[PDB]
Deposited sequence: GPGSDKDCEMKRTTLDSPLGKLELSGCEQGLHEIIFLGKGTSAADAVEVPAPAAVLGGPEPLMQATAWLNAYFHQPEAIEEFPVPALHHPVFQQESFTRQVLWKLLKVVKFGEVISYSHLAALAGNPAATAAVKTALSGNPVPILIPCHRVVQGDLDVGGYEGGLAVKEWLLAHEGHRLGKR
């Protein structure tokens, strides 16, 4: 792909976004019109700074290779994106079922670890169970901060 990059300041530090004309590829934690990259930047900016309007912002097309071919991993990521909204959580186990393989909690955890576009695809909203927020590829404190930003019981600022 012919790649383009942009950065966005956020409460979680600088975010590097990468994408081509067919879609956003990655959102990386470094520590506005029609192209997918501009839609992604606008979406993430709204997520942090205008969260009440987040459903109004177009979700960018996604073009990381994990989205280019059918797989259970792609199903996990797509179903998570489609279904689990701002201020909600879902268990690894129920997400496994949603993605078409009810037994497959460990496989869901591995799929989520491969998510190239965190927050937009909300791996932070997938928890172990009602009273166990579980782990996070980006660090437990970040997961808990995002859930607090979204007003969830399991969040901690």
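Colleague: Can you list the gaps, numbered from 1 on the deposited sequence, where no C-alpha is modelled?
Modeller: Seq positions lacking coordinates: 1-7, 39-56.
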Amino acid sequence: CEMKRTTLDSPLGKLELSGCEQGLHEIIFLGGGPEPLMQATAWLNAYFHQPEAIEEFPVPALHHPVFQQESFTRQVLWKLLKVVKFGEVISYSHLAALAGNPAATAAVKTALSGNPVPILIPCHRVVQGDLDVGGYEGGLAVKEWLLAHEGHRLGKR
From here on, numbers count along this sequence of modelled residues.
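Colleague: Looking only at CA atoms, which has the higher mean B factor in the entry: 126-134 or 32-40?
Modeller: The deposited B-factors put 32-40 ahead on the C-alpha mean.
Colleague: Mean C-alpha B-factor higher for 43-51, or for 86-94?
Modeller: Stretch with the higher mean C-alpha B-factor: 43-51.
Colleague: Within this chain's modelled residues, let me know which third the CA B factor of residue 152 belongs to: lowest, middle or highest.
Modeller: Lowest third - that is where residue 152 ends up once the chain's C-alpha B-factors are sorted.
Colleague: Among all modelled residues of this chain, ranked by Cα B factor, put residue 146 in the bottom, middle or top third, i.e. lowest, middle or highest.
Modeller: For residue 146, the deposited C-alpha B-factor lands in the lowest third.
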